[PDB]
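Take a look at this single chain in structure tokens; it is the form deposited in one PDB entry.
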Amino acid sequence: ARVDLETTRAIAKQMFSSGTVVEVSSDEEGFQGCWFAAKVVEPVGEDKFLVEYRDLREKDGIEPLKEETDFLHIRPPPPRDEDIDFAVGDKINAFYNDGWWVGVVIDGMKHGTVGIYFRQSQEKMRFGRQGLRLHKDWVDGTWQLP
């Protein structure tokens, strides 16, 4: 409980209409702390939205994945601020495997790459700068830093 259900539902109803570009998350195992790009096909009921993924595909690998998601797992695309230089300890998102995955900066930028660690995979690697962003949370219609 660090978001308010009433407000979140209202804001989601307001902003996520047909055609709206969004990010959606999943409760499925191994997908905690990941945001996928998508677009609202249409709202469903009062709490849900049919979305079509920008990058994720159906099993043939060709047709865009389509799924229902609820108002607690959908958000707008965050502002990108690319004036940013990452510092060690910064909570970030890194784009790979078709998604924005939560990670932590473990080494400052060198030669256009940043050292990154992912807690989910317990894996460490260097990422190209333009595949990284500062992590932000969508709360009650407002973008906030951690």
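From 1 onward, residues are counted along the sequence shown.
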*Which has higher Cα B-factors on average according to the PDB entry: 28 to 36 or 84 to 92?*
28 to 36
*Pick between 60 to 68 and 44 to 52: the one whose mean CA B-factor in the entry is higher.*
44 to 52
*asked:* Split into thirds by Cα B-factor across the chain's modelled residues, where does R133 land: lowest, middle or highest?
replied: lowest
*Third assignment of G108 from its chain's C-alpha B-factors*: middle
*Ranked by Cα temperature factor within the chain, is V22 in the lowest third, the middle third or the highest third?*
lowest
*How does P79 rank on Cα B-factor within its chain, lowest, middle or highest third?*
highest
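Although not depicted, the form solved in complex with a partner chain is the subject of the following passage.
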*Wondering, does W35 line up within 4.5 Å of the partner chain in the entry with it bound on heavy atoms?*
no
*in the entry with it bound, does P79 have a heavy atom within 4.5 Å of the partner chain?*
no
_Residue contact check: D85 to the partner chain in the entry with it bound, 4.5 Å heavy atom_ = no
*Might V104 be said to contact the partner chain in the entry with it bound, defining contact as any heavy atom within 4.5 Å?*
no
_Exactly one residue in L56, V41, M109, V44 has a non-hydrogen atom within 4.5 Å of the partner chain in the entry with it bound; which is it?_
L56
